[PDB]
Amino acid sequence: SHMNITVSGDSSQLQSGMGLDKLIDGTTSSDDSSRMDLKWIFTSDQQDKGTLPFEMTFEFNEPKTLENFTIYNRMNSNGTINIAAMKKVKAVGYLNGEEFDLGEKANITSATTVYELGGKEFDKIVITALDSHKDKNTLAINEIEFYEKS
């Protein structure tokens, strides 16, 4: 049906008003109001910054069998990937403490990054943004969606 997801991670890395909740608020557009962003850089001497790698933890209140999860990347209006978007990501799944390497996806250029899970069962998934298209202090993600196996 509808699947309750809890997201956690270091909110001190993120831009005000653009926190972890924006990963699961049901907004997949690239608008500022939809996204989770690492702290924006406002001045040339700013020392308060977020840094990659950035780890995002997703938990379900009970194990779920998943078809996939889908990361929605920040895109420009012309369909090209924005400079602040994710470029490289890895993920790990857990079930009863057992750890499962879900692998890394690199050179991301598309509107979505999809981890096909083929009905594997997890109670926790940890997604780590490793690189963006700009620098290690920049990251924008529109949404991350989880699709349950029937």
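Position 1 is the first residue in the sequence shown; the rest follow in order.
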Averaging CA B factors per stretch from the PDB record, which one is higher: 91 to 99 or 64 to 72? 91 to 99
Of 33 to 41 vs 104 to 112, the stretch with the larger average CA B-factor in the entry is 104 to 112
Could you say which of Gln46, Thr57, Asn82, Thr27 has its CA atom at the highest B factor, as listed in the PDB entry? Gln46
Is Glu143 in the lowest, middle or highest third of its chain when residues are ranked by C-alpha B-factor? lowest
Tell me, lowest, middle or highest third: where does the Cα B factor of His133 rank within its chain? middle
Assert third(CA B-factor, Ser11) within chain per record equals middle
